[PDB]
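Participant: Mind looking over this structure? Questions follow.
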Amino acid sequence: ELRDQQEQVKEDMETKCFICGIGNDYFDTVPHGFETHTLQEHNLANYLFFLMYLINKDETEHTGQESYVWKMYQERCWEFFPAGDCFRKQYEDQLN
Amino acid sequence: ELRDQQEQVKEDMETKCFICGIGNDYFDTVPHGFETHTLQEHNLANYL
Amino acid sequence: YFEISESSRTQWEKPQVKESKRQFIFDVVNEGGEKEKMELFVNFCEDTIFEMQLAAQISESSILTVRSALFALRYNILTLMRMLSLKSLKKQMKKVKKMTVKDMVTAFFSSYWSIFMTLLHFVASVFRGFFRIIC
Amino acid sequence: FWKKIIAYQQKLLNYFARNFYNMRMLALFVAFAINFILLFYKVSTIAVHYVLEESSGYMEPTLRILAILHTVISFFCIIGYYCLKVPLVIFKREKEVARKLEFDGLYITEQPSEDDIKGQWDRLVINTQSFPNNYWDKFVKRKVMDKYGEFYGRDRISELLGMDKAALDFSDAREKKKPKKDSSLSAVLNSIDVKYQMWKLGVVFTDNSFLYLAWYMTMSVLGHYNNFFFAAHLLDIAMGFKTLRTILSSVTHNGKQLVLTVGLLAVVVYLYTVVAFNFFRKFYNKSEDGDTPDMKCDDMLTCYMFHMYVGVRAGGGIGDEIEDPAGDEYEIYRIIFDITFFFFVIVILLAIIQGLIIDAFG
Amino acid sequence: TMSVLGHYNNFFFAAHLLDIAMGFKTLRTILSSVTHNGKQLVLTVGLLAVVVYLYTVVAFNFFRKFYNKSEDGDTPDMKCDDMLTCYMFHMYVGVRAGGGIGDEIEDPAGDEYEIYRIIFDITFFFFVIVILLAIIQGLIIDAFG
Ligand SMILES: Nc1ncnc2c1ncn2[C@@H]1O[C@H](COP(=O)(O)OP(=O)(O)OP(=O)(O)O)[C@@H](O)[C@H]1O
Ligand SMILES: Nc1ncnc2c1ncn2[C@@H]1O[C@H](COP(=O)(O)OP(=O)(O)OP(=O)(O)O)[C@@H](O)[C@H]1O
Ligand SMILES: [Zn+2]
Ligand SMILES: [Zn+2]
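Chains as they are written, first to last, in the entry's author numbering: chain P, 4872 to 4967; chain C, 4872 to 4919; chain S, 4149 to 4209, 4237 to 4310; chain X, 4480 to 4524, 4555 to 4871; chain D, 4727 to 4871.
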């Protein structure tokens, strides 16, 4: 069971996107769709570097989005994280 | 098989609502959605 | 869109952060609460940021077997190429041009037998090189 | 005068390629025949002589005839493989070499990592004139020149792949027709790209199936020196049948875990041996005669070997073999020792190894 | 036919107790489990017979002094002087024994071939008893399952 759980973790990580939770099938319509989604669009490293960038930046210079996210994180609410939706889902009709 | 049935009972109880039978995914769109559905809306204690 | 520092990229690529990310991904996927998934991710982000800031302070204030195998191939195949480079096969073939089907078939077989002996010499040389490597 | 010898060689080449499988079938049948005859091979009695025993009396010449036939059929099998499947392997390897050379420039822009035998050995073939010998695309050289030469130097790429420039211009310009000399021995021999043949022989030697068929032939040859060497040819069924192939591949499927678990078992039995060598040594006498005491745990290596062999094979554990502790001051300690040995070594770790192999097969 | 032969010999009526194996569904499935994977079960038994044959071939050539099986010194009973006898002994007494062939054949301590015979016995135990027999048993059991 322990080995199966490790294998299931790896399979879930290769087939699911960690942030939005959408399936890789919805992204793999284009070649390397899931890889592009996990590298360019939703990336854990990018989110961590975003947090570092907001920590390092001065309050007065935050943009609108940066100030929104900063207040959201100060009050410890995680609505800004995409939940089941992405850019493609948001603009599906216009983009495609 | 007996142990698996006990585990399946517990998993079904944590993932399904007993009264309406709708999946927890349909409720978990909001945070704590399934918990709110199982406590405020559909609760065995409340029915009793 | 924002700016990512190259130093931040290097400290992310440092092995310690890689191990920490292994542990965090395993923990979250195996047992991390779905309602607490984002909370745990933000906590791990803060911990990793502090680990990066600590790693910065701390930091700034086989092939020989492939070599042997290639040499074995080169030497053992050049050994067979020496057979053609001697150029003395022409005098022998002067005799074969006038003799019969059985002997031409015999030479046909002899060529492949020589190839197989070349392969045996090659594999023996590979083994010997491996003994020298391990010793 | 050679147009006949090439035709006859082609006929033999095609015959061997056509009947490669049937010869491999016949070799296995002969392998069963030799080993069935070898099943009536007794000792006769200084040196001991091994003689075939039978009532018919015609088994002995048959054993020589079958051995010679097997040795010939094996050689014919290697020949047939070289006729049939070697060209496919060469065509493939030559195709991926061109793919890497052109699309991502694995010998111009970026160099092989030097830890792969294939990339290092494929450097030789690009210089050879007789390139895509099997591959269809004969102008991969032209494509790489047009797509990389301006960046890396036209003449330098030309020397790296061994091209020539005057030939293209001459062929595009006016030319004449002149009958050739087929008798030219020097020209005929020099046309053979010895470097390309060197590369191809290297590829064939590195091929796994050719190595298997060479090992088969080696055992067939050694069978003449010793007839019992023909028993190794009964392992060919394990390759022929799919289920036996899967059974063998089950062991190698989890090789890393299987090695690690065996190492863990060897460490655990080593810790148990270390405890025994320090505390429980009087219980390891293994001689019935009182005059000569045979101690299996006076020496560290001897005690470890005994624990590895007689303790692991025994179903109950080490306590089934070593002497009973009743009445001794260390009774409870040795009871715990034996019980823990039985639980950890026999019950758990061996079961882990067996489960690894069985569930890999599954 | 068994009913008729029971009159010639009364013990022939014991074969009629196999009719319950047809009457009851679970016993029918248990019997059908063997025939369910018949090809694989035959092939694996052949592989086992080949492996034990290779081990017997090695033993007949190198380790023969260890196969004496007589307590009385006057009459030495050798089970591996003959190829067929050694193979039969390895098939029977070696396969049935849980530990392996080394549980039955004589101890190698102090002999020049000590390490070789230790490896021989350990490999026999691992490949034959631990793996192949487990493969056969698993085939039958999981066919039933
Ligand atoms: N939001 C996400 N951010 C990053 N990777 C994600 C995300 N969602 C899913 N993934 C997947 O998780 C995996 C993370 O990358 P990956 O584990 O391959 O790199 P790594 O951490 O260097 O480890 P390794 O290369 O050794 O597997 C990828 O398969 C990627 O597709
Ligand atoms: N209609 C329902 N009413 C109540 N709980 C429901 C209902 N449908 C599903 N559930 C789920 O069944 C479980 C019942 O609560 P839970 O078993 O946690 O409390 P408990 O009876 O005190 O036992 P314990 O806390 O020891 O598990 C919860 O996980 C709840 O989400
Ligand atoms: Zn995503
Ligand atoms: Zn409900």
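Idealized CB from N, CA, C, for every residue including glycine.
Whose beta carbon lies closer than 5 Å to any heavy atom of ligand 4, going through the chain in order?
Facilitator: C:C4888, C:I4890, C:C4891, C:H4913
Participant: How many angstroms separate the CA atom of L4910 of chain P from the CA atom of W4160 of chain S?
Facilitator: 15 Å
Participant: If you draw a straight line from the C-alpha of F4852 of chain D to the C-alpha of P4834 of chain D, how long is it?
Facilitator: Approximately 19 Å between the Cα atoms of the pair.
Participant: Does the beta-carbon of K4960 of chain P, which I'm using as the reference point, lie nearer than 7 Å to any heavy atom of ligand 1?
Facilitator: no
Participant: Evaluate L4722 of chain X with the Cβ neighbour count: other Cβ atoms within 10 Å of its Cβ, from every protein chain shown; 16 or more gives buried, anything less gives exposed.
Facilitator: buried
Participant: If you count every other CB in all the chains shown that lies within 10 Å of the CB of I4577 of chain X, and 16 or more means buried, which is it?
Facilitator: exposed
Participant: Tell me the rounded alpha-carbon separation between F4519 of chain X and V4821 of chain X.
Facilitator: Going by C-alpha positions, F4519 of chain X is about 35 Å away from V4821 of chain X.
Participant: Just verifying my parser: in three-state terms, what is the DSSP assignment at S4622 of chain X?
Facilitator: Secondary structure at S4622 of chain X: coil, using DSSP grouped into helix, strand and coil.
Participant: Mind reading off the beta-carbon distance from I4599 of chain X to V4712 of chain X? Whole number of angstroms is fine, and I expect it under 8 Å.
Facilitator: 6 Å
Participant: If you reduce the DSSP assignment to three classes, tell me which class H4933 of chain P lands in.
Facilitator: Assigned with DSSP and collapsed to three states, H4933 of chain P falls in coil, not helix or strand.
Participant: Quick one: Cα of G4892 of chain P to Cα of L4710 of chain X, how far?
Facilitator: 53 Å
Participant: Let me check understanding here. Comparing Cα to Cα, which of S:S4286, S:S4260, S:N4191 lies closest to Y4591 of chain X?
Facilitator: Answer by Cα proximity: S:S4286.
Participant: Compare the C-beta of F4750 of chain X against all C-beta atoms of chain D and say whether one is closer than 8 Å.
Facilitator: Yes, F4750 of chain X lies at the interface with chain D (some Cβ there is under 8 Å from its Cβ).
Participant: Who are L4561 of chain X's beta bridge partners in DSSP?
Facilitator: X:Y4520
Participant: Please state if the CB of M4817 of chain D and the CB of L4517 of chain X are separated by a distance shorter than 8 Å.
Facilitator: no
Participant: Among all the DSSP beta bridges, which residues are the ones paired with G4894 of chain P?
Facilitator: DSSP lists P:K4887 as partners of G4894 of chain P.
Participant: Tell me where the alpha helix (DSSP H) around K4609 of chain X begins and ends.
Facilitator: For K4609 of chain X, the enclosing alpha helix (DSSP H) has its first and last residue at 4595–4612.
Participant: Which residues in chain X sit within 7 Å of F4198 of chain S, going by Cβ to Cβ distance?
Facilitator: The premise fails here: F4198 of chain S is roughly 35 Å from chain X at the closest Cβ pair, so nothing lies under 7 Å.
Participant: Mind pulling the chain D residues with CB within less than 7 Å of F4850 of chain X?
Facilitator: Simply none; closest approach about 16 Å.
Participant: When you compare the CB of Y4287 of chain S with every CB in chain X, is at least one pair closer than 8 Å?
Facilitator: yes
Participant: Work out the CA separation of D4631 of chain X and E4611 of chain X for me, nearest whole Å.
Facilitator: 14 Å
Participant: With a threshold of 7 Å, establish whether the CB of residue 4677 of chain D neighbours any heavy atom of ligand 3.
Facilitator: Since the first and last residues shown for chain D are 4727 and 4871, residue 4677 of chain D lies out of range.
Participant: Quick one: give me the first and last residue of the alpha helix (DSSP H) that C4193 of chain S is part of.
Facilitator: Counting along the chain, the unbroken alpha helix (DSSP H) around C4193 of chain S starts and ends at 4185–4207.
Participant: Check this for me: beta carbons of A4747 of chain X and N4514 of chain X, under 8 Å apart or not?
Facilitator: no
Participant: For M4728 of chain X, decide whether its Cβ has a neighbour in chain S, counting only Cβ atoms nearer than 8 Å.
Facilitator: no
Participant: When we look at the beta-carbon of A4244 of chain S and count the other beta-carbons within 10 Å, is it buried (16 or more) or exposed?
Facilitator: buried
Participant: Would you tell me roughly how many angstroms separate the C-alpha atoms of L4780 of chain X and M4804 of chain X, rounded to the nearest one?
Facilitator: 19 Å
Participant: Count the other CB atoms within 10 Å of the CB of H4913 of chain P; is the residue buried (16 or more) or exposed (fewer)?
Facilitator: buried
Participant: Counting only Cβ pairs nearer than 7 Å, list the residues of chain S close to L4710 of chain X.
Facilitator: Under the 7 Å cutoff, chain S gives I4252.
Participant: Just to confirm, is the Cβ distance from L4593 of chain X to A4510 of chain X under 8 Å?
Facilitator: no
Participant: Which residues, taken in chain order from the segment 4853–4864 of chain D, show a beta carbon closer than 7 Å to some beta carbon of chain X?
Facilitator: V4856, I4857, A4860, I4861, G4864
Participant: Which residues of chain S have a Cβ atom closer than 8 Å to the Cβ of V4819 of chain X, listed in chain order?
Facilitator: Simply none; closest approach about 31 Å.
Participant: Please classify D4655 of chain X: does DSSP put it in a helix, a strand, or coil?
Facilitator: Reduced to three states, the DSSP call for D4655 of chain X is helix.
Participant: Kindly indicate which residue of X:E4619, X:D4800, X:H4733 has the alpha-carbon position closest to the one of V4581 of chain X.
Facilitator: X:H4733
Participant: Taking C-beta to C-beta, are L4865 of chain D and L4774 of chain D nearer than 8 Å?
Facilitator: no
Participant: With a threshold of 16 other CB atoms inside 10 Å of the CB of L4743 of chain D, please say whether the residue is buried or exposed.
Facilitator: exposed
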